[PDB]
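Working through the structure, step by step
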Amino acid sequence: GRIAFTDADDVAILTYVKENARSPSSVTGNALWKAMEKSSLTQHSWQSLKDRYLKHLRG
């Protein structure tokens, strides 16, 4: 299982990815995601973070 996401995670992951991830680099690699794992507003990893994005958010 890849953890779970709630309504707060959607607002935290979005507000964060929309503020920094705005080019073909922060969302293509694993920097903006791993960087959040070191100092994120909520409690989550970077894998499920970037995985849920391409899973059914950006595309």
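Residues numbered from 1 in each chain as written, not as in the entry; some residues may be left out. Heavy atoms only, no water.

Its PDB header names solution NMR as the technique used to obtain the model.

1. Here we look at the overall build of the protein chain
Check the secondary structure of the protein chain and you find three helices and zero strands. Listing every helix and strand of the protein chain by position from the N terminus yields α-α-α. For 59 residues, the compact-globule formula gives about 10 Å, and the C-alpha radius of gyration of the protein chain, at 10 Å, lands near that figure. For the C-alpha atoms alone, the extent of the protein chain along its principal axes is close to 25 × 25 × 20 Å. Among the 59 residues that make up the protein chain, the fraction classed as buried is 27%. Pairs at least 24 residues apart make up 40% of the contacts formed inside the protein chain by residues separated by at least 6 positions. Of note, the protein chain has its 9 positive side-chain charges centred 9 Å away from the centre of its 6 negative side-chain charges. (Helix = DSSP H or I, 4+ residues; strand = E, 2+ residues; numbered from the N terminus. Rg over C-alpha atoms; globule rule 2.2 N^0.38 Å. Buried < 20%, exposed > 50% of the residue type's maximum accessible area, 1.4 Å probe, protein only. Contact = heavy atoms within 4.5 Å. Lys, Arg positive; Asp, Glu negative; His and termini not counted. Charge placed at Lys NZ, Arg CZ, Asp CG, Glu CD.)

2. What about the nonpolar core?
Counting nine residues, the largest nonpolar core consists of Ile 13, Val 17, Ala 21, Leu 32, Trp 33, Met 36, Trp 46, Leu 49 and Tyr 53. At the level of elements, α1 (7–19), α2 (31–38) and α3 (47–56) are the ones that each hand at least two residues to this core. Counting residues per element, this core draws most heavily on α2, at three residues. Aside from chain neighbours lying at most four places away, what touches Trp 33 is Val 17, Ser 26, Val 27, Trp 46, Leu 49, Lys 50 and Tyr 53. (Core = buried A, V, L, I, M, F, W, Y, C linked by side-chain atoms within 4.5 Å.)

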